[PDB]
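Notes follow once the structure below has been shown.
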Amino acid sequence: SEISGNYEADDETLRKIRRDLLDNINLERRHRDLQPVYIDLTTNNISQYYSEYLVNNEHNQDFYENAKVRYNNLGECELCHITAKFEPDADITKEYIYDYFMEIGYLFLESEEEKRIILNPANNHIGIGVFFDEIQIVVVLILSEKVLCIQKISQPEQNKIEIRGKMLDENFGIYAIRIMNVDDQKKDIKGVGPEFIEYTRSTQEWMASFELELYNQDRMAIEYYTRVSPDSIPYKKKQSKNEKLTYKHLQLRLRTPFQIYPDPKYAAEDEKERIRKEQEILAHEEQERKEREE
Amino acid sequence: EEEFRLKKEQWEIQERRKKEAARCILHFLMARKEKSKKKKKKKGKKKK
Amino acid sequence: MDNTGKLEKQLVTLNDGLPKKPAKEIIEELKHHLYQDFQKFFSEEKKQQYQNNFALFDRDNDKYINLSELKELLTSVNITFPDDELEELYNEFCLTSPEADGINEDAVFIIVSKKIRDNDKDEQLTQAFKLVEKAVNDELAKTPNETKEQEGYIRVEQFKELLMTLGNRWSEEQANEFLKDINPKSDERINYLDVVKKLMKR
């Protein structure tokens, strides 16, 4: 205890490292002319959990599958995780570990299997989880092919949710926004169809405004359904008094355990690093312009 | 002294929990059962 | 070029590696997951008490009590099931343990788990109504020109984002059905008291 010091990590730094790996993946994708990867809630949470488990324990296929079942994961998934040890006689610092995570992303880009899974054109949902201990670190990435990805979930009005999502599939337009109890699988808690959905097919994006209060919001997931030919969906269309939605014709597409995207903390922190990036860029460009004038 | 008093309180709580365990233990054998009859006589002379 | 097509179906296939471990180990780990919630749901007093109401009906000391013995344990602990629900719970454990002459000690513990776990879900859902009414009344008082009739009445925009806070996440998609189910009468206002009644009745 006297000799070995604590090595706890900030949640802000955790989010920084995770989204920085995500943005490095996106930068490489655009360098190669590849689509940028959005933050899938399922993949993000599962990868964070899996890296947290990895730092203290080795890979477990059955454990990962059971975690996916508990989260109610959906779709085919590909996992890319690495654990690396620190130098026997090297100092460990915050910036040291952050540049080490940069190097971890570079080694992902230098690694065949994980880079291929990251950059798979078919796969379109990616979630990152970075964790570590005093001795090693681990990075975990979970990618999948899905039609709808969440780009914004906001909390502007205390009682009006808005999960903004983009449909990456053209045949499929978000039709059913509903879920069942994670603990009570047979319990179809809450869901609606087009009449309470705002779908713009051109972007295949979707928003919505509807009602449900502080009822059961700690664990369960988000079950996004889609329909073929987004045109045929009566988006936000008044359903007759004798007309109710039918999910038996609605295809489940994304089960992402609920979380604000970006969660106010995620959004504020991300805006922080971005703004500091532009501040540094402007300072560097000012210095460059002065040097060029001289 | 404060740590000792806290430990004593925790020990009293654990004693109550062990009394609950004894309640569990003294709830099973109300009836059963069958005639431990014939031979437990092996009682070697050399005592402890 | 020419953007020739097309709407293509990126079918999301649920091939995410169903648990490759054998069904036996799947069962043990599911049982452990169920018991873990038990551990916190029931104080050590409750845990070391349920045996003090299980065994005497488990007269035979085989650690298995029939449905009648389970119900007697429940009555002694002052926790009661409906006849059908309690019989179903006992029979499920009896089937899962065919070599068991009923439900074991662990089975009775799990049945109480289900009971007081439903009770805790209801209690959390109810305490949700308290904060909901608090917020509704506060916002209504912030609008003195709105009659007290709105106490209980709440907007669609006043009924959604409370699904991000407590218990086990009802996401935005889990924020949809109750609206269609309860039919906001062309006003998009449905009483949070009516939601109290329905959610307590489910």
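In this analysis, Cβ positions are derived from the backbone assuming ideal geometry, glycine residues included, and neighbour counts consider all displayed protein chains. Throughout, read-outs are computed from the coordinates displayed, never taken from laboratory work.
Some points to look at:
- Restricting the stretch C:167-195 to residues that are hydroxyl-bearing (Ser, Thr, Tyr) and without any contact (Cβ under 8 Å) to a residue 12 or more places away in the chain, the residue that is nearest to A:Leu212 (Cα to Cα): C:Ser171
- Lone unmet requirement of (1) crowded, with 17+ Cβ neighbours inside 10 Å; (2) part of a loop (DSSP other than H, G, I, E, B) for C:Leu163: (2)
- Filtering the stretch C:110-166 to residues that are of a type in the set (S, T, N, Q), within 13 Å of chain A (Cβ to nearest Cβ) and over 16 Å from A:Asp183 (Cα atoms) leaves C:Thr126, C:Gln127, C:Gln158, C:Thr165.
- Residues in the stretch A:236-265 that are under 26 Å from the mean Cα position of the chain (by Cα), outside any strand (DSSP E or B) and of a type in the set (D, E, K, R): A:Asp263, A:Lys265.
- Among the residues listed as B:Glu9, B:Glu20, the single one being in a helix (DSSP H, G or I), over 30 Å from C:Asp62 (Cα atoms) and free of Cβ contacts under 8 Å to residues at least 60 places away in the same chain: B:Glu9
- The stretch A:206-235, residues that are within 7 Å of chain C (Cβ to nearest Cβ), among the aromatic types (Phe, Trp, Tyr) and either in a loop (DSSP other than H, G, I, E, B) or without any contact (Cβ under 8 Å) to a residue 24 or more places away in the chain (or both): A:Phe210, A:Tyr215
- The strands (runs of 3 or more DSSP E) located wholly in the stretch A:113-161 that include 2 or more residues which are more than 17 Å from the chain's Cα centre (by Cα) and among the hydrophobic types (A, V, I, L, M, F, W, C) occupy A:136-144.
- Within the option set B:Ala31, B:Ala21, being at the interface with chain C (Cβ under 8 Å from one of its Cβ atoms), under 17 Å from the mean Cα position of the chain (by Cα) and either farther than 25 Å from C:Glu69 by Cβ or of a type in the set (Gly, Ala, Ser) (or both) holds for one residue only, B:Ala21.
- Only one entry of C:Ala175, C:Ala141, C:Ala128 meets the criterion of being small (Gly, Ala, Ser) and touching a strand residue (DSSP E or B) at 6+ places or on another chain (Cβ under 9 Å), and that entry is C:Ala175.
- Taken together, A:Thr203, A:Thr246 contain a single residue that is of a type outside the set (A, V, I, L, M) and either over 28 Å from C:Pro184 (Cα atoms) or at the interface with another protein chain (Cβ under 7 Å from one of its Cβ atoms) (or both), which is A:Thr203.
- Of all residues in the stretch C:1-37, those being aliphatic (A, V, I, L, M), under 30 Å from A:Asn171 (Cα atoms) and within 11 Å of chain A (Cβ to nearest Cβ) number 5.
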